[PDB]
Structure formats: C-alpha cells, structure tokens
There are 4 protein chains.
Amino acid sequence: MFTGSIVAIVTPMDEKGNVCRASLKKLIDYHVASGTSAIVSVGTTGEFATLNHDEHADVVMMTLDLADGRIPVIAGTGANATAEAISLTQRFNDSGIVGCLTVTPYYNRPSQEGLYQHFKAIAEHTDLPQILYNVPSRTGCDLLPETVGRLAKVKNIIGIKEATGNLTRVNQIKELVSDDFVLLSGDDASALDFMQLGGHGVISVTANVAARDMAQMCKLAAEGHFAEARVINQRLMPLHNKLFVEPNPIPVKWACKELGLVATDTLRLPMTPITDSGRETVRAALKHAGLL
Amino acid sequence: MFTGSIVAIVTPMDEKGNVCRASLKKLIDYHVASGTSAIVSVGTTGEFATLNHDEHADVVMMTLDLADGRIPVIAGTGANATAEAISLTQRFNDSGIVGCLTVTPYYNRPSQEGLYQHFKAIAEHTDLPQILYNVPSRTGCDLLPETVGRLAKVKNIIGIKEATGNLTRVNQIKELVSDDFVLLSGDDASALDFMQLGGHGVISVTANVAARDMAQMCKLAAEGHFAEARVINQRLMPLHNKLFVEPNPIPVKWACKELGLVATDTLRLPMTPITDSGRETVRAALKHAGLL
Amino acid sequence: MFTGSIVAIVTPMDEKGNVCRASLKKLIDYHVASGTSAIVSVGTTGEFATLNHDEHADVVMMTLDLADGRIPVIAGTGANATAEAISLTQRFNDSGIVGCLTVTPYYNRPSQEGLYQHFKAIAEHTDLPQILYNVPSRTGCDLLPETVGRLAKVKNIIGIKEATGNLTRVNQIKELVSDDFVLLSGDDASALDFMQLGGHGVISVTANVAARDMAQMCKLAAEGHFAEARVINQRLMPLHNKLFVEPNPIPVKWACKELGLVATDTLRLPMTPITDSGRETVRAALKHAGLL
Amino acid sequence: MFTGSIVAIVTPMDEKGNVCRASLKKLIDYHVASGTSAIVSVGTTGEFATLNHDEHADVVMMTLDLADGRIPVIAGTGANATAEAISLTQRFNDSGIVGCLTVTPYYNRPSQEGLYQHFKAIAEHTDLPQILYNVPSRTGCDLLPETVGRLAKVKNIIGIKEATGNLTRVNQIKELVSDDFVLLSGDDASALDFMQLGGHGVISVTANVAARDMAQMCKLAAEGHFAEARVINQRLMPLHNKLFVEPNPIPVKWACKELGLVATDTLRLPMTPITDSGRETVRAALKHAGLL
Ligand SMILES: [K+]
Ligand SMILES: [K+]
Ligand SMILES: [K+]
Ligand SMILES: [K+]
Ligand SMILES: [K+]
Ligand SMILES: [K+]
Ligand SMILES: [K+]
Ligand SMILES: [K+]
C-alpha cells in the first residue's frame with residue numbers, strides 16, 4: 001500500500017543502541033490498530049545512517065515478522081553509490097516487503113543525468129516497486145520534476161516521497177507522470193497542503209505518535225474533505241514543527257518514550273540525547289495534540 | 001605536511017571502475033616533482049562516496065607505498081555514523097599516514113553538540129592528527145566556529161578544511177583557537193583570499209592539474225607576496241570555477257586524462273561521463289592556465 | 001471586486017515615457033470585454049517606481065475615466081514611509097477607486113511591529129478597503145502570517161496579495177483571519193496552486209495579454225474544477241515564467257506591443273528595452289498560449 | 001575623504017520626528033574630535049527612506065554648515081527612478097559636498113544593463129564623484145563585479161560601498177578596476193576582513209558610537225597592522241552585530257541617546273522604538289566596547 005498515512009517508523013533501541021524487539025512489537029501493534037497504511041522500515045527516522053547493512057536487514061526482517069501480514073512494510077534502501085544501492089536492494093528481493101524507499105544520493109551531488117542512471121539501474125535489477133525520495137536539505141541535491149518524469153516511465157518506479165516542502169512540485173510532477181504514479185509528502189508540516197494539491201499521502205514522522213489522527217486526516221483529504229482534515233492538522237501542527245526542534249529522530253524517539261510506546265529514547269551517535277528545553281517544547285506539542 | 005598546496009587527489013580508474021596503479025603512480029610522481037605539500041587520499045575528489053571501506057583502504061595503502069616517503073599522505077576518514085568513522089580511522093593507525101581528513105556527518109544533520117561528540121570520540125580512538133572538514137553544500141550540516149573552538153581543545157584535532165566559501169569564517173575560527181591550529185581552504189576559487197586573511201593553505205581540486213602553479217601561489221602567499229600570487233590565481237580562476245561545471249570529480253578526471261596524467265577518465269555511478277559541452281568548457285580553462 | 005482574475009495593468013507609454021491615453025483605453029476595453037474582475041492601476045507592473053505622485057494620480061484618474069464604471073479600479077498606494085503612504089492614500093479618497101493595494105515598506109526593512117503600525121496607520125486614515133502586498137524578493141522584508149492575522153482585525157484591511165510563491169502561506173494566513181478576508185496570489189506561476197489551496201484569485205501580470213483565459217481559469221478554480229483550470233494553466237505556464245525573463249514589466253510591455261494592444265513598449269529607466277533573446281523567448285510563450 | 005572610517009551618520013530627531021540641530025552639531029563635533037574621515041549624510045542609517053527630498057536636502061545642507069570645513073561630507077543621493085536620482089543629485093551640485101553615495105535602485109529589480117544605464121546617466125549629469133552602493137538584502141538587486149568594472153570606466157564613478165558581506169567581492173572588483181577606485185565596506189562585522197583583503201575603508205554604522213576606535217582600527221589596517229586592528233575589532237564585534245538586533249537605525253539611535261550624543265532616539269514610522277530586550281542587548285554591547 002502506497003497511499004494514506006505511512007509511518008517513517010523509529011528503530012527503537014535499548015541503552016546500548018541495539019534494536020529493542022519488544023518496543024518494536026508494541027509500535028507495530030499500535031500502527032495496525034490505528035489504521036496506518038504502511039510502515040517504512042529503516043528510513044531516515046529509523047536511523048538508516050547509523051545502522052550497518054546487516055543491522056538494517058535485521059530490523060526490516062524483524063518488522064516483517066512482527067507485522068505478520070497485518071500491515072505492509074516498505075524498506076529504506078537508498079545509497080550514495082549506485083552499486084551499493086543495488087546490493088542492498090537484492091537483500092530484500094523476496095523478503096515480503098512491498099517496496100523500497102530510495103533516496104537521491106547524498107554528499108556527492110550527482111547531476112540530473114546521474115540521478116536518472118542511478119535510479120534506472122536500481123529499478124532494473126529488482127522486481128520491487130521503488131519510491132524515489134527527494135530531500136535536498138539533507139543530501140545536497142535536488143531531483144527535479146523533469147527527471148522524475150523520465151524515471152516514472154520505468155515500469156517499477158512507482159512514486160516519489162517529496163520532502164522539499166516546496167508545494168509547487170506537486171503539480172509540476174503530476175503533469176509529467178501517469179495517474180497511477182504516487183505522490184507522497186515527506187514534510188509533515190506541509191503534508192495536508194500537499195494532498196490538497198493532488199498528493200496521495202504522506203510518509204510521516206508525526207504518525208509515530210499520532211497514528212490515528214494522521215490516518216483519519218489522510219482519509220478525509222483523499223475524500224476531498226479538506227476543511228475537516230484541516231481541523232486535525234491544526235491540532236497536530238505544533239508536533240509537525242517541534243518533532244524537528246532538534247535533529248530527527250531525537251524528538252520523536254523521546255515522544256515515543258513519554259507515551260510509553262518504547263522502553264528507551266536511546267539513539268546512536270552522532271545523534272545525542274534531547275535537551276531539557278526540547279523535552280519541554282515536545283511535551284507541549286504532545287499536549288496540544290491531545291496525546292498526553 | 002599541513003600547510004601550502006595539498007592536493008585532493010583523484011582516484012584514477014580503469015574502464016571497469018577500479019584503481020589504476022600506473023595512473024596513481026604517475027600522479028604521485030607529478031606531485032613530488034611539482035612541489036605539492038601533501039596528498040589527501042580518498043577525500044571527496046577521490047570518490048570516497050563510491051569506494052567501499054576495503055577499496056578505500058587499498059587506495060590509501062597504495063598511495064603511501066607509491067609515495068615512498070617523498071610526500072606526506074592524509075587519508076579521508078569521515079563517516080556519518082561515529083562508530084563507522086572510528087572503524088575507518090582504526091584501519092590507518094600505524095599505516096604511515098600523517099593525519100586524517102574527517103568530514104562532518106552527512107545526511108543525518110546532527111546538532112553542534114552531536115558534531116562535538118562525534119569528532120571528540122573519533123579523536124579519542126586514534127593518535128593520528130585530525131583535520132575537520134566542513135562542507136555544508138554537500139552534507140546538510142554546518143560546523144560553526146564556536147564548535148571548532150571547542151574541538152580545537154582536543155589534543156589531536158589540529159586543523160580544519162573550510163569549504164563554505166564564506167571568508168568570514170577565517171578570523172572567526174582563528175580567534176577561538178591557538179596559533180598552531182591550521183586553517184585550510186576547501187574552495188579553490190576563494191583560497192588565495194582565504195590565505196590573505198590568515199589561512200595556511202588549501203586542499204585543492206585545481207592542484208590535480210596545475211600542481212606547480214598552486215604550490216608557487218601558496219608559497220607566494222605564505223611569504224606575503226599577494227600581488228604576485230594573484231597573477232597566478234587569475235590564470236587559474238577559470239579552472240577553479242570550471243572544474244565544477246559538472247559534479248566534482250567529473251571535470252578534473254577528464255582534465256587529468258587530457259593532460260596525459262591518467263589513462264582513463266572513468267568514474268563510478270552516480271557520477272557520469274563529462275558532457276561534450278563540459279569538455280569544451282574545461283579545455284578552454286586548461287588553455288587559459290597555459291597547460292594545454 | 002477582490003476575487004477572480006485581477007490585472008496588474010501596464011502603464012503604456014509613448015516614446016518619451018509619457019502615459020499613452022489611446023493605448024490605455026484599448027487595454028481597458030480589452031479587460032472589460034475579456035471578463036477581468038478588476039484593474040490594479042500603477043502597481044509594480046504599472047511602473048509605480050518611476051512615476052512621481054502626480055503622474056501616478058493622473059494615470060489612476062485616467063483609468064477610472066476610461067473604465068467609466070464598467071470595471072472596478074484598485075490603486076497602487078504603497079510607500080516605504082508611513083506618512084507618504086497616508087498622504088498618497090488621501091489623494092484617492094472619493095476618487096471612485098474601490099480599494100488600495102499597499103506594499104510592505106521596501107529598502108528599510110521594518111520589524112513585524114513596524115509593519116503592523118505602518119498598515120494600521122494607513123487604514124485608520126481612509127475609509128477605502130486596503131489589500132496588503134507582500135513581495136520579499138523586491139522589498140527585503142516579509143510580512144508574516146501572524147502579523148497578517150493582527151492586521152486583518154482592522155475593519156478596512158480586507159485582504160492580501162501574497163507574492164512569495166510560498167504556498168504554505170495560504171493556510172497559515174487563512175487559519176488566522178476571518179472567512180471574508182481575501183487571499184490573492186501575486187505569483188502567476190503558482191497562482192492556480194494558490195487558489196486550489198483556498199485562495200480567492202490572483203493579481204496577475206499574465207492577465208495583461210491572456211485576460212480571457214485567466215478569467216476562465218480563475219472561475220473554474222473558484223468552482224472547484226481544478227483539472228479543467230489546470231489545462232488552461234499549462235497552456236499559460238510558459239508565459240507565467242517568461243514574462244519574468246527580464247525584469248517586469250519589460251517582457252509584458254513588449255508582449256502587449258506585439259499583440260497590438262499598446263502603441264509602444266517604452267519604459268522608464270532603470271528599466272531598459274527587451275533584449276533580442278528575450279523577444280524570442282516571450283514570443284514563443286505567446287504562441288504556446290495561442291495568442292499569436 | 002574616501003578612505004578610513006566614514007560614518008553613516010544618524011539624522012537625530014526631536015520628539016516630533018524632525019531634525020535636531022543641537023544633536024547634529026554635537027555628533028559632527030564628536031566625529032571631528034574622534035578622527036572620523038568623512039560623514040555620509042542621509043544614507044540608509046540617516047533615514048533616507050523616510051525624509052522627503054526637501055527634508056533630505058535640508059539635513060545635508062545643515063550638516064555641511066555645521067561641519068564648517070572641518071570634515072568632508074558625502075550626500076546620500078540614490079533613487080529607484082533614474083530621473084529622480086538625477087534630480088536629487090542636482091540639488092547638491094555646488095553645495096560643498098565632496099561626493100555622492102548612490103544606491104542601486106530598490107524594489108524594481110533592474111537588470112545589470114539597467115544598473116549600468118542608471119548610474120551612467122546619473123554620473124553624466126554631475127561633476128561630483130559617485131560612490132556606488134550595493135546592498136541586495138535591502139534592494140532586491142545585486143550589482144555584480146562585472147558591471148562595477150564597466151561603470152568604473154566612467155570618469156566620476158570612483159568607488160563602491162559593498163555591503164553584501166561577501167568578501168570575495170573585494171578582489172573580484174579590484175581586478176576589474178584601476179588602482180585609484182576605492183573599495184569601501186558596508187558591513188561593519190566584516191569590514192576589518194574587507195580591508196585585509198585590499199579594501200580602503202568602511203562606511204560604518206558602528207562609528208556613530210565608537211568613532212575613535214573605528215578610526216584607530218582603520219588607520220592600523222591601512223598601515224598593515226592587522227593583529228593590533230583585530231584587538232579593536234574584537235572589542236567592537238558585539239556592537240557590529242547588535243546594532244542590527246532590531247532594524248537599523250533603531251539600535252544605533254538608542255545607543256547615541258544613551259551615550260549623551262543626541263537628545264532623543266525618535267525615528268519615523270515604519271521604524272519603531274527599541275524594545276526592552278533590544279535596549280539590554282545594545283547596552284551589553286556598549287559595555288563590552290568600553291563605552292559605557
Ligand atoms: K552510514
Ligand atoms: K512507472
Ligand atoms: K557510500
Ligand atoms: K588541538
Ligand atoms: K520612486
Ligand atoms: K478586516
Ligand atoms: K520614501
Ligand atoms: K572612474
């Protein structure tokens with residue numbers, strides 16, 4: 001499933017920074033009960049940067065085992081070297097994931113033609129649906145609508161997570177792709193706007209702690225009930241902003257701990273513990289959302 | 001060693017995309033003959049992003065072997081996970097490198113406290129000198145002067161490669177650190193200005209192809225002869241700009257090939273071959289510098 | 001009238017840079033026949049910068065006389081000194097204009113509180129409806145949604161022309177103002193998106209040469225027929241971009257000459273004649289729109 | 001005359017918002033005693049935006065009268081319409097000013113060809129020396145080095161106030177102009193760096209309140225004594241930053257009042273009185289500089 005509220009799920013850790021199976025179970029149960037459409041496993045919010053390929057595959061496989069067929073799982077699979085992306089994708093072929101979320105190469109700043117060759121090569125070598133991921137503020141490069149148009153002609157490139165926050169991208173892309181290509185926001189604060197312009201859903205950080213409200217917001221949006229959706233969005237807006245008051249996923253992991261969804265808020269370096277001022281901002285946002 | 005013209009050396013490849021030992025030897029001999037001060041091996045221009053850690057280590061070790069003590073070698077050792085950076089650095093402990101060039105984590109956008117903890121942990125697990133490297137256009141992170149001050153207190157953090165192109169940073173950093181902390185430019189087009197303000201050298205892309213001119217420019221600067229240095233700078237300014245007409249190191253590899261310094265201009269995806277227009281542009285820049 | 005397609009009309013000039021009454025008549029007749037909602041007289045596109053207060057008032061009065069009750073006229077009235085804005089507004093009180101379009105002070109970069117006092121003072125001293133105008137790329141300051149919310153409580157501050165091109169502003173403002181407050185795009189390339197998010201119309205440059213299509217696009221948008229509107233917008237998109245290929249209103253005046261709507265494309269310094277390359281780009285855009 | 005520390009002098013006002021002659025005399029005497037090189041009258045810091053042209057001229061003429069030949073006076077003379085700039089400049093022909101400071105047109109965002117034609121027309125209608133002034137954060141326009149080169153060929157265009165804060169511009173401009181073209185900083189916080197790179201002085205906000213320190217800093221720079229100059233710079237760096245904690249000249253007027261240099265800190269809307277927090281911040285900066 002590639003529409004609606006999709007959670008960019010945390011990778012909960014114990015105090016030593018190893019994956020906490022019990023906490024992950026609790027989250028997956030929460031998303032199944034709360035109507036989340038799908039789970040993105042080991043994306044950005046899942047600390048893809050700091051897990052190696054083996055830990056990464058283990059978390060995706062644990063997620064699939066715990067989901068037990070009840071919710072679809074999408075794996076984070078991007079890399080900044082095309083061979084590495086291909087490699088990582090092969091590990092998931094026939095795993096039971098429904099698709100991959102693959103970020104533009106970071107740090108090396110490829111050209112548009114380089115992005116086109118990168119994602120074309122990845123798609124060629126799997127039968128899994130690929131969702132492109134554009135987030136220039138993190139990567140240093142910006143996959144432009146013209147190149148998305150080119151890539152959308154590849155049979156298994158099926159959509160994009162557009163995290164620029166630049167809402168003009170929705171209809172720039174839409175006009176260049178077919179009606180079945182999925183447009184997903186990657187920017188929780190602008191996501192409702194993104195859906196109102198023609199987007200199909202959101203791959204969300206806020207959904208980690210407000211799963212039911214996110215799922216209902218996205219359904220109302222899909223039905224065209226934007227005024228109703230916006231009431232929900234206004235209650236969630238402080239979270240949409242304050243989950244980034246310190247680097248993601250520092251705030252959202254602390255929030256999940258505060259709600260009791262995970263045992264510890266531990267992260268791996270270079271992520272560091274939430275500051276006291278951040279705890280206060282985040283808990284105020286949680287209370288605005290009605291969650292505490 | 002950590003002053004003057006330091007080349008950010010290309011990792012020359014064969015047509016298959018693997019290191020070309022004959023080409024590497026030819027470059028290293030060229031830098032020895034030309035008066036280059038040091039070699040940074042497998043930094044950004046060396047394709048750090050697309051070599052695996054074994055491949056990376058092999059290139060460093062080969063470079064050291066071929067240098068044969070004639071020219072000091074600094075290894076690129078950054079990572080966006082602190083554990084990974086510590087592992088990569090440990091590969092080189094007792095190798096013969098003189099220090100490490102370690103980039104701010106990319107993609108995961110840590111806080112300044114995160115950057116402090118990351119670089120301090122790395123510095124604690126080695127005796128090698130550490131050069132911090134700040135290049136926010138690539139990483140999504142900006143290591144601010146205040147934080148560089150805090151880190152400069154760690155015994156083996158000894159300098160910074162400042163690749164913002166923002167020349168105010170020179171004296172902002174200089175006032176927070178001791179007189180022996182080295183300030184190196186990471187932006188060829190502003191590097192002579194950077195030295196004019198107090199910087200000690202440059203880790204240079206241009207020096208791949210204008211090694212003697214860059215070493216002479218930097219000597220003239222260190223001696224206070226800025227007008228004479230500027231004449232050299234003006235001859236090189238089109239290369240300083242046009243070696244980034246397509247993503248680095250696409251242009252500089254082509255230029256190396258055109259000058260007969262390497263056998264092929266092959267790179268790894270997502271870097272792609274230079275365009276025809278790019279070739280013309282770089283060729284004009286080489287003609288301007290008097291190299292072709 | 002403060003909804004639909006509102007034209008930011010050129011001030012047509014003869015070869016000496018004086019207002020050409022015959023050309024202005026022709027434009028006004030064109031807008032009446034083409035279903036334009038209202039005319040903004042001596043706004044940015046009308047060369048407010050280069051007319052003095054007397055020429056400015058004369059053009060607004062000539063526009064009103066030529067309109068002859070058939071189309072509403074809004075006057076550009078902004079200034080960067082609050083006393084000057086008040087002064088200029090008084091000249092129009094009881095002129096027959098329906099409202100004023102008042103830009104944030106330019107060059108002096110006032111605070112939000114300064115913007116609040118500026119526009120509050122202007123509104124206090126007239127009974128005319130005021131439409132606020134935010135265009136940071138020109139002024140150096142950005143009237144933020146919180147301040148718009150404060151100002152919208154003033155009885156005669158009735159709407160905003162939002163020219164940031166940042167579409168998140170639509171619902172940030174909407175949630176802070178009453179349902180009768182008018183939200184108007186000032187960015188033709190994003191205007192349809194702006195209306196789809198809840199905006200009420202556009203104060204448009206493109207409407208100078210595509211009045212009928214703009215009027216129909218905005219009506220379809222108001223009715224919620226966004227797919228139908230978007231077909232029109234895609235035919236107009238090259239104009240929406242290429243009317244800014246050189247500084248506005250250089251392209252649109254040349255376009256109006258090419259269509260025969262005005263006798264000359266003359267402007268006042270520091271605007272200079274369209275380049276040959278600009279003529280070619282603009283005429284290609286006109287042909288894409290079906291206008292030539 | 002056009003080197004060293006040039007003060008961008010405040011236009012001190014009474015409580016009604018009109019020029020305070022006693023205050024103006026007190027400032028001018030202060031600059032004479034302090035070793036300030038020249039006075040820019042009714043530039044940006046002098047509230048050019050909120051004085052009418054008669055008021056502006058009166059302030060210039062009063063300043064000249066009070067200077068009584070003891071200190072040279074440069075008039076602010078910019079406008080965003082070329083005709084208006086020519087008129088304002090003509091008011092001062094034979095006045096006794098030594099030159100004019102003329103800003104790039106603001107708001108109307110002319111092209112580089114437009115900027116060339118605007119400044120060349122102005123220079124053609126006077127015998128007075130013209131200092132170009134580039135401050136894109138205020139104007140929406142950036143006068144690039146190439147264009148400054150073209151303009152430097154006009155006999156009476158003799159320098160530039162470069163207020164981008166982008167220090168690469170120093171040597172970019174210097175290489176395109178003759179040795180007698182004057183380069184002045186318009187950014188106090190980077191001005192010592194700007195002089196280190198080859199600039200000839202600063203048109204300074206800080207010099208309103210630290211005139212002797214700024215003149216001594218600039219003398220030390222001209223002589224090549226940068227380390228000694230930097231000590232002065234470090235003492236002043238909090239003022240250089242915090243005189244813009246609220247929009248200029250809000251902080252610097254308050255500071256002048258607090259030091260007893262002017263009778264009131266009144267400004268004209270849309271500038272508003274300093275906030276309490278701003279007062280505390282500026283006061284701390286004055287204490288750091290040793291002035292309070
Ligand atoms: K990693
Ligand atoms: K497809
Ligand atoms: K990699
Ligand atoms: K140290
Ligand atoms: K004007
Ligand atoms: K109102
Ligand atoms: K004014
Ligand atoms: K000249």
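Residue numbering restarts at 1 for every chain, and letters A, B, ... go by the order of the sequence lines. Both counts, for ligands and for their atoms, begin at 1 and track the order of listing. The figures here come from the full heavy-atom set of this structure, side chains too, leaving out hydrogens, waters and symmetry mates.
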Testing the 3.5 Å rule here: is there a donor-acceptor pair between the side chains of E162(B) and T164(B)?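 Side-chain D/A pair, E162(B) to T164(B): present.
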
Does the shortest distance from the K ion (ligand 4) to an N/O/S atom of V154(B) fall below 3.4 Å? yes

Is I157(B) close enough to the K ion (ligand 4) to have an N, O or S atom under 3.4 Å? yes

Take the K ion (ligand 1) as the centre and count protein N, O or S atoms at distances under 3.4 Å. 3

Please check if the distance between the ring centroids of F2(B) and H200(B) is under 6.0 Å.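 So the answer is no for these two rings.
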
Show, in sequence, the C-alpha distance, side-chain angles and deciding distance for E113(C) and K120(C), and conclude whether the salt bridge (charged side-chain N to carboxylate O under 4.0 Å, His left out) test is met. CA-CA 10 Å; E113(C) 180 63 20; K120(C) 193 182 181 234; over 6 Å; no

Output yes when [X] and [Y] qualify as a salt bridge under the 4.0 Å nitrogen-oxygen rule, no when they do not.
| X | Y | value |
| --- | --- | --- |
| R91(B) | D58(B) | no |
| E84(A) | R268(B) | no |
| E47(A) | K253(A) | yes |

Taking backbone and side chain together, does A152(C) place any N/O/S atom at a distance below 3.4 Å from the K ion (ligand 6)?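 Yes, since at least one N, O or S atom of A152(C) sits under 3.4 Å from the K ion (ligand 6).
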
Does the shortest distance from the K ion (ligand 6) to an N/O/S atom of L151(C) fall below 3.4 Å? no

When rounded to the nearest 0.5 angstrom, what distance separates CG in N80(B) from OH in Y106(A)?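 Output value for this atom pair is 6.5 Å.
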
Please name all residues satisfying side-chain contact (heavy atoms from CB on, under 4.5 Å) with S137(A), sequence neighbours left out, ordered by chain then number. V135(A), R109(B)

